[PDB]
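Participant: Residue numbers (the authors' numbering), protein chains in the order written: chain A, 260 to 388; chain B, 1 to 135; chain C, 228 to 348; chain D, 1 to 130.
Ideal Cβ positions, reconstructed from N, Cα and C, are used throughout, including at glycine.
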Amino acid sequence: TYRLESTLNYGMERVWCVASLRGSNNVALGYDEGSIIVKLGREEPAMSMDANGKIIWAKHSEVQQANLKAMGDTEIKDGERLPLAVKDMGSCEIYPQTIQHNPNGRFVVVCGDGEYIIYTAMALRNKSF
Amino acid sequence: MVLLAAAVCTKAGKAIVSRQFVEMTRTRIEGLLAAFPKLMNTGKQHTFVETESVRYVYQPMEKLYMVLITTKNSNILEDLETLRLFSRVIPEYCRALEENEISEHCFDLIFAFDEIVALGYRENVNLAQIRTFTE
Amino acid sequence: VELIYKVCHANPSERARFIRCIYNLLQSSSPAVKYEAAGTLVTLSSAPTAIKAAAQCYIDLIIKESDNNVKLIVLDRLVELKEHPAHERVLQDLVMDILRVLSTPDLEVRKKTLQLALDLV
Amino acid sequence: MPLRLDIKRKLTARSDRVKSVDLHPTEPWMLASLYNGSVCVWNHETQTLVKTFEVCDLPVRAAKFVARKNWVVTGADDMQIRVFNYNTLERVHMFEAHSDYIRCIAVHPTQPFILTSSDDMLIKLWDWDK
């Protein structure tokens with residue numbers, strides 16, 4: 260939407276170049292008075308596993324970022340990574356800064372922008388705010 | 001002494017300038033430096049390499065070797081650290097290493113060697129400290 | 228004057244003595260898992276494949292101490308990286324597969340690696 | 001619009017105008033090419049400066065690592081791209097990349113190629129292996 264995420268100055272000024280790491284989350288920027296290597300955020304995912312087998316994440320595959328979904332009912336061998344095993348989950352209204360299922364499975368919480376919205380475990384109707 | 005000599009070498013097959021703290025390694029200094037630093041101190045691009053039962057620590061600069069030699073040792077960090085401080089002091093005198101310019105500032109380098117390592121025990125030096133002496 | 232009662236108290240000097248002092252207080256079946264020895268040790272074979280090959284050897288040794296028959300030579304400690312639970316995720320054996328080699332890494336590392344597959348299992 | 005960010009200053013270094021900044025293709029080091037005639041690289045995880053190379057005495061606009069050869073390519077106002085070994089510290093090769101100073105270099109790890117872009121309005125290709 261090209262809306263300003265941040266403006267950064269440093270007391271180095273005149274920023275000539277940019278480049279980005281191809282494996283991602285470091286960008287480095289060349290200035291008149293020096294160079295800086297900078298580290299960008301998001302290093303880790305937000306998700307939670309309840310007891311209903313709705314393990315909910317945001318982003319990823321068979322889930323959108325804006326909406327909320329995910330399920331994981333698979334128990335295949337401990338030695339490898341298990342499939343996504345997602346089942347579809349209803350409405351959301353906010354972005355997931357952190358998105359989490361209830362630890363015993365009755366609530367879902369999506370948190371975002373100074374607000375939390377509560378959606379119901381497997382029905383996803385707005386429970387609470 | 002723990003540190004036999006502190007030596008700047010050219011791998012022309014001779015010790016270009018060198019320091020004998022107390023009279024021991026005179027002529028001896030040149031033969032060691034001349035043979036061993038030619039082979040990269042017999043190194044493989046490793047700072048510590050030991051040959052003919054003498055520990056050689058080094059750094060290549062051009063056709064020249066800045067060399068520290070010991071045949072005994074008190075600590076790991078220390079041997080490198082005197083060499084390192086030496087490597088701050090040497091381009092102030094000679095603008096990198098190079099046999100003719102090393103040759104011309106025998107006095108400068110030699111004096112630093114006495115100051116840096118005294119009776120084989122690694123003292124410390126710095127480019128400002130060096131100034132008071134050659135003033 | 229060396230040997231401290233402490234962990235340290237600070238600075239490279241104290242730190243260098245300290246790994247010597249640690250090897251004393253646990254000599255038993257090599258260091259196993261190398262202490263502060265690891266830092267100098269890489270430079271000791273800067274030419275270049277020989278470090279990995281060596282590193283691979285230690286990592287294999289460390290996994291387990293097996294029976295130690297003909298080319299089953301893994302020393303160090305018996306349990307410290309186990310071998311072979313069926314609930315362990317994503318398992319020990321993944322690292323063990325590297326050691327089985329056709330050349331899968333380069334030849335110096337290869338010769339070390341084939342012996343090392345034989346050695347753990 | 002919201003996004004998971006957290007800007008952090010991993011390492012800084014002060015030097016005369018750095019035209020190019022790079023991350024090492026496979027290593028945790030970042031190389032910055034400066035107008036000191038020097039290119040300098042620092043590994044901004046352990047905060048150790050791994051090595052410096054004096055490409056020219058006039059600005060080095062570009063620098064990049066050709067990680068496989070264990071070499072770094074630089075292009076400076078010598079109108080040359082000079083190549084050095086970043087562990088055996090010596091100049092691997094010297095060549096005239098262009099008729100003018102070299103603003104940027106791009107490295108193809110899968111091919112022997114670097115193409116360099118210069119302000120002689122031309123981009124030229126060089127093959128490190130030849």
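(1) List the residues of chain D whose Cβ lies closer than 7 Å to the Cβ of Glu-264/A, in chain order.
(2) Alpha carbon to alpha carbon, how far is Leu-343/A from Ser-320/A? Give it in angstroms, no decimals.
(3) Grab me the residues of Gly-289/A's own chain with a C-beta within less than 6 Å of its C-beta, minus the 5 sequence neighbours each way, in chain order.
(4) Return the chain-ordered list of same chain residues with a C-beta closer than 7 Å to the C-beta of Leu-89/D, the five sequence neighbours on each side being excluded.
(5) What in chain C is Cβ-close to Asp-337/A, meaning under 9 Å?
(6) Mind checking which residues open and close the beta strand (DSSP E) that includes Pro-91/B?
(7) Does any residue of chain A bring its CB to less than 7 Å from the CB of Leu-58/D?
(8) Any idea what DSSP makes of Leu-64/B, helix, strand or coil?
(9) By DSSP, does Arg-19/B sit in helix, in strand, or in coil?
(10) Is there a Cβ from chain B that is less than 7 Å from the Cβ of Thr-270/C?
(11) Since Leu-49/D meets chain E, which of its residues come closer than 9 Å, beta carbon to beta carbon?
(12) In angstroms with no decimal places, state the Cα-to-Cα distance between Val-369/A and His-46/B.
(13) Report yes if the C-beta distance between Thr-42/B and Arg-55/B is below 7 Å; otherwise report no.
(14) Distance check for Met-1/B and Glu-23/B, CA to CA, integer angstroms please.
(15) Does DSSP put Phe-113/D in a helix, in a strand, or in coil?
(16) Nearest by alpha-carbon distance to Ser-38/D: which of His-44/D, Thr-48/D, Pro-28/D and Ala-62/D is it?
(17) Please decide whether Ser-294/A counts as near chain D, where near means a Cβ-Cβ distance under 7 Å.
(18) Considering only residues of the same chain and omitting the five flanking positions on each side of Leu-302/C, which have a CB-CB separation below 7 Å?
(19) Can the beta-carbon of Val-107/D be found less than 7 Å from the beta-carbon of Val-66/D?
(20) Alpha carbon to alpha carbon, how far is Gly-331/A from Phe-366/A? Give it in angstroms, no decimals.
(21) Does DSSP classify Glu-50/B as helix, strand or coil?
(22) Any C-beta of chain B sitting closer than 7 Å to the C-beta of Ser-255/C?
(23) For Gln-324/A, tell me which candidate among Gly-300/A, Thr-357/A and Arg-262/A has the shortest Cα-Cα distance.
(24) Listed from N- to C-terminal order along the chain, which residues in the segment 27-57 of chain B have their beta-carbon within a distance smaller than 9 Å of any beta-carbon of chain C?
(25) Which class does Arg-91/D belong to by DSSP, given the choice of helix, strand or coil?
(26) Distance check for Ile-296/A and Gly-270/A, CA to CA, integer angstroms please.
(27) Tell me, to the nearest whole angstrom, how far the beta carbon of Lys-14/B is from that of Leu-64/B; I am working on the premise that it is less than 8 Å.
(28) Report buried or exposed for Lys-130/D, applying the criterion of at least 16 other Cβ atoms within 10 angstroms of its Cβ.
(29) Looking at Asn-43/D and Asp-16/D, is the spacing between their C-beta atoms short of 7 Å?
(30) Please find out if some non-hydrogen atom of the ligand ZN comes closer than 6 Å to the beta-carbon of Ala-96/B.
(31) Select from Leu-230/C, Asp-294/C, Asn-296/C and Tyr-262/C the residue whose C-alpha is nearest the C-alpha of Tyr-285/C.
(32) Assuming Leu-23/D contacts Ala-287/A (C-beta within less than 8 Å), just tell me the rounded distance between them.
(33) Around the Cβ of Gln-129/B, are there at least 16 other Cβ atoms within 10 angstroms (buried) or fewer (exposed)?
(34) Helix, strand or coil for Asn-41/B? Go by DSSP, reduced to three states.
(35) In this structure, how does DSSP classify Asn-124/B when only helix, strand and coil are distinguished?
(36) Under a Cβ-count criterion, where at least 16 other Cβ atoms within 10 Å of its own Cβ denotes burial, should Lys-64/D be classed as buried or exposed?
Facilitator: To lay it out plainly:
(1) Ordered by position in chain D, the residues that pass the 7 Å Cβ test against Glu-264/A are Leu-3 and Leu-5.
(2) 8 Å
(3) For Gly-289/A, where only same-chain residues beyond five positions count, the Cβ hits under 6 Å are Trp-275 and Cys-276.
(4) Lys-51
(5) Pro-312, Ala-313, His-314, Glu-315, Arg-316, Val-317 and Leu-318
(6) Unbroken run through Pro-91/B is the alpha helix (DSSP H), 76-94; no beta strand (DSSP E).
(7) no
(8) strand
(9) strand
(10) yes
(11) No chain E is part of this structure, whose protein chains are labelled A, B, C and D.
(12) 56 Å
(13) no
(14) 12 Å
(15) strand
(16) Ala-62/D
(17) yes
(18) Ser-256, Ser-257, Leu-288 and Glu-292
(19) Against a cut-off of 7 Å, the Cβ pair of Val-66/D and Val-107/D comes out as a contact.
(20) About 17 Å.
(21) strand
(22) no
(23) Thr-357/A
(24) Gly-43, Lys-44, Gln-45, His-46, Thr-47 and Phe-48
(25) DSSP, reduced to helix, strand and coil, places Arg-91/D within a strand of the structure shown.
(26) Answer to the nearest angstrom: the Cα atoms are 15 Å apart.
(27) With a Cβ gap of about 11 Å, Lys-14/B and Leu-64/B do not count as contacting.
(28) exposed
(29) In this structure, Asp-16/D lies away from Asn-43/D, with their beta-carbon atoms at least 7 Å apart.
(30) With respect to the ligand ZN, the structure offers nothing, as it holds no ligand at all.
(31) Answer by Cα proximity: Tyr-262/C.
(32) 7 Å
(33) exposed
(34) coil
(35) The answer is coil: DSSP assigns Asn-124/B none of H, G, I, E or B.
(36) buried
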